[PDB]
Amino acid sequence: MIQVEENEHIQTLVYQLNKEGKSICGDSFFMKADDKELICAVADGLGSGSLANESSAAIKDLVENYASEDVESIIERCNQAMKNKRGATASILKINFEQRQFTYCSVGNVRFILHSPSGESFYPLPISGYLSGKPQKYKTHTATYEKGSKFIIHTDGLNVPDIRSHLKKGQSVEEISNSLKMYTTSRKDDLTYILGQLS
């Protein structure tokens, strides 16, 4: 499944495909852009079956409902919802277009890379553990992006040797998605990513 969106400030693409032979996806995402801001999130539930989905879906729902809150507030609501669930790894990104500012918070192995035309990339290491409902010490990143920046948020189903290179070379989110096609054919795990290109 691919879904694309565009406005004056960003173009996005969401790709999601299940593990080969698996009916219920354990990954979830949420994406919403208006003329002023973007909210998005990607999550990968622990365990299997309906229980992995229950966990990542709870995140999708909370990010949509609480989108106006700061990322660390949203992720903490997500953490509380994991109590008595399998838990999930997750990443939450908010962008304010007028300021060209983004904020980011994550726990676990859902990765985020933002590539600047200047050749700088924001590429945090994964934070160990997962959202389990137990106490977290969140790390929130706040920074300015330059026009022309491109980014990806992806679950562990996408395993690419040099993701930065794909972002640098691609001229649109459709091109970057096509550039990643060889990593999507095996379907060893659920695979979810969100691409963005920022004006």
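A residue's number is simply how far along the shown sequence it sits, counting from 1. The term rigid core refers to the most C-alpha atoms you can superpose between the two forms while keeping them within 1.5 Å.
Core-fitted comparison in 5 other deposited structures of this protein shows that, between 185 to 193 and 7 to 15, the CA atoms farther from the shown form belong to 185 to 193. Structural divergence in 5 other deposited structures of this protein between 41 to 49 and 59 to 67: following superposition by the core, 41 to 49 has C-alpha atoms lying farther from the shown form. As listed in the deposited structure, the average C-alpha B-factor of 12 to 20 and of 183 to 191 is greater for 183 to 191. Looking at 100 to 108 and 83 to 91 together, the entry lists the larger mean B-factor for 83 to 91, computed on C-alpha atoms. Across 148, 157, 170, 26, the greatest Cα temperature factor reported in the deposited entry is at 170. Sort the modelled residues of the chain by CA B factor and residue 56 lands in the lowest third. Among the modelled residues of the chain, residue 33 sits in the highest third by CA temperature factor in this PDB entry. In the PDB entry, residue 70 places in the highest third of its chain by CA B-factor. Annotation for residue 47: CA B-factor lies in the middle third of the chain's modelled residues. Looking at the C-alpha B-factors along this chain, the one for residue 41 belongs to the lowest third.
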